[PDB]
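# An overview of the molecular structure
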Amino acid sequence: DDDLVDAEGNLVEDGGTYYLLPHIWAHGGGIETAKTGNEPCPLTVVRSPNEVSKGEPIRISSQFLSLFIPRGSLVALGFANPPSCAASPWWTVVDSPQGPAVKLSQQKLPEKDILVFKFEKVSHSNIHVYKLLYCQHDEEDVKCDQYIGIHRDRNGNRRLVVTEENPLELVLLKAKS
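Residues numbered from 1 in each chain as written, not as in the entry; some residues may be left out. Heavy atoms only, no water.

The deposited coordinates for this entry were obtained by X-ray crystallography, with a reported resolution of 2.00 Å.

Written out as C-alpha cells, the structure is:
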C-alpha cells in the first residue's frame, strides 16, 4: 500500500476534496469547466489559465472501501460543486474524431464509466507529484495505458484529453474545512 500523498505530505483521504494543481507554478491553475462545441452547458473539464486560481474542489474516490488510497487503485474524480446541468459530479471520458476527451454528463453513469482513472507517481521530485492515467476497457477488465494532457482549443480553453505526448503532472492540495 504505497498510498497517495497530498501536497503538504499527508495521506490523501478517500472521498476527500482536493484542488488538482499543476506541479510547475507557471503552467496555470486548478481544474474547472467550460462550455464547448454544441454542449448546452459547461460539460467540458479544463484547466484554469489563472496561475493564482486553485480551481474547483475535486472529490477523489477509490474503488475500495479504504480510508486512504492505494497506489494502483482505480479512482473516480468529481466536482464537489458540479454545474447545475450535469446529472452527477463525476468525470468521464468520451470518444471523438480528435480522440478521447474528459467531460461531465447530463445523465447518471455506470460505475465502470467513472472509475476509469489512476494516479502514477513521478520520479525525480521532492514534492509528491503524479501523472493522471486513463484506463480503457479491456473487453472485460481495464488497462491504464494512456495519460491525460492539455489541448488548447481555438478559443483558448485548456481542455483535458487523452494525450500521446506531454502528460499533465499534478499536486493534490487538500480543500477547505
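## Some thoughts on the overall build of the chain
When helices and strands are counted, the chain shows zero helices and 12 strands. In sequence order, the secondary structure elements of the chain are arranged as β-β-β-β-β-β-β-β-β-β-β-β. Here the C-alpha radius of gyration of the chain, 15 Å, is about what a compact globule of 177 residues would show, namely 16 Å. Counting every position in the chain, which comprises 177 residues, the buried fraction comes to 46%. (Helix = DSSP H or I, 4+ residues; strand = E, 2+ residues; numbered from the N terminus. Rg over C-alpha atoms; globule rule 2.2 N^0.38 Å. Buried < 20%, exposed > 50% of the residue type's maximum accessible area, 1.4 Å probe, protein only.)

## A word on unusual backbone geometry
One non-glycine residue, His 124, lies in positive phi territory at about 55°. Tracing the chain through its elements places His 124 in the loop between strand 8 (117-121) and strand 9 (130-138). Even without being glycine, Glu 139 reaches a positive phi, approximately 65°. Following the sequence through the fold, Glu 139 ends up in the loop between strand 9 and strand 10 (141-152).

## Description of the packing of aromatic side chains
In this structure the tally under the stated criterion is three aromatic pairs. Ring centres of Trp 91 and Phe 117 lie 6.2 Å apart, and the angle between their planes is 85°; this geometry places the pair in the edge-to-face category. In this pair, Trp 91 is assigned in the loop between strand 5 (75-79) and strand 6 (92-94) and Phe 117 in strand 8, connecting sequence segments 26 residues apart. With a centroid separation of 6.0 Å and an interplanar angle of 70°, the aromatic rings of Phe 119 and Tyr 130 are classed as edge-to-face. (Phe/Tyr/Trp six-rings, centres within 6.5 Å; stacked < 30°, edge-to-face > 60°.)

## Side note on the state of the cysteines
The final tally for this structure, using the stated rule, is two disulfides. Between the sulfur of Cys 41 and that of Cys 85 lies a disulfide, 2.0 Å long from S to S. In this structure, the disulfide formed by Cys 41 and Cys 85 twists by about 95° around the S-S bond and is classed as right-handed. In this pair, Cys 41 sits in the loop between strand 2 (31-34) and strand 3 (44-47) while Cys 85 sits in the loop between strand 5 and strand 6, placing the two residues 44 residues apart along the sequence. Overall, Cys 41 belongs to the buried group, its relative accessible area being 9%. Residue class for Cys 85 comes out partly exposed when judged on its relative accessible area of 25%. Covalent S-S linkage joins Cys 135 and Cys 144, the inter-sulfur distance amounting to 2.0 Å. Taking the torsion about the S-S bond as the criterion, the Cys 135 to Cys 144 disulfide, at about 95°, is right-handed. Each disulfide of the chain joins two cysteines, and with those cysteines numbered along the sequence the arrangement is 1-2, 3-4. (Disulfide = S-S within 2.5 Å.)

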